[PDB]
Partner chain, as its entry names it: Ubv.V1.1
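Only one chain comes next, encoded as structure tokens, the form solved without its partner chain.
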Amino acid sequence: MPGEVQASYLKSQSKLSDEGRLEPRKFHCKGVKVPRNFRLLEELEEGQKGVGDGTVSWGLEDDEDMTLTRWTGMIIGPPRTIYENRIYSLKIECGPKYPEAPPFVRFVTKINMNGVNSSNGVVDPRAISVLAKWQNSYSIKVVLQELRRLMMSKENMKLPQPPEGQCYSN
């Protein structure tokens, strides 16, 4: 309740007209959200430790960082699919505003996704759902889990796979 009254006062003739008032105002919304580094640390353990059938793994690139930017995402192929029985490496960049906005994900290995290029592996957030409508509950595991989920679908599980699990860069 912004105002200019606490208890007492003095001098007051017009209690309706403006006369001369200048209250400090600008914004009209607060900023609520879960800590960024927190998700990284908590998710760092969950990813490094392991997941259901180890379908993916979101570990750290350099075990000597602070904000944990250069991430690494592993992925396994699901039986009964073009990708089935095929590992996949990834690198997720998370800097300014990560769990609050679409991260910069890029496949290191050789992968072919409708939203991910077949040269560098830059995962386009326009194609990826989790990235398009990125939320606060999303994380690296969600990114890896979601993208891989599409790979299992008929859409991505039809594209021609590479003749090896080599990376994209030398």
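Numbering follows the first chain given and starts at 1.
Heads up, the form deposited with its partner chain bound isn't pictured, but that's what we're talking about next.
Trainee: Tell me, yes or no, whether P103 is in contact with its partner chain in the bound PDB entry, where a contact means a heavy atom of each within 4.5 Å.
Mentor: It does not: once its partner chain is placed as it appears in the bound PDB entry, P103 has no heavy atom within 4.5 Å of it.
Trainee: Using the partner position in the bound PDB entry, report whether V51 sits within 4.5 Å of its partner chain, counting heavy atoms only.
Mentor: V51: contacts its partner chain in the bound PDB entry.
Trainee: Answer yes if any heavy atom of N112 is within 4.5 Å of a heavy atom of its partner chain in the bound PDB entry; otherwise answer no.
Mentor: Answer no; every heavy atom of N112 is more than 4.5 Å from its partner chain in the bound PDB entry.
Trainee: Although the partner isn't part of this model, could you tell me whether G47 comes within 4.5 Å of its partner chain in the bound PDB entry, counting any heavy atom of the residue?
Mentor: It does: once its partner chain is placed as it appears in the bound PDB entry, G47 has a heavy atom within 4.5 Å of it.
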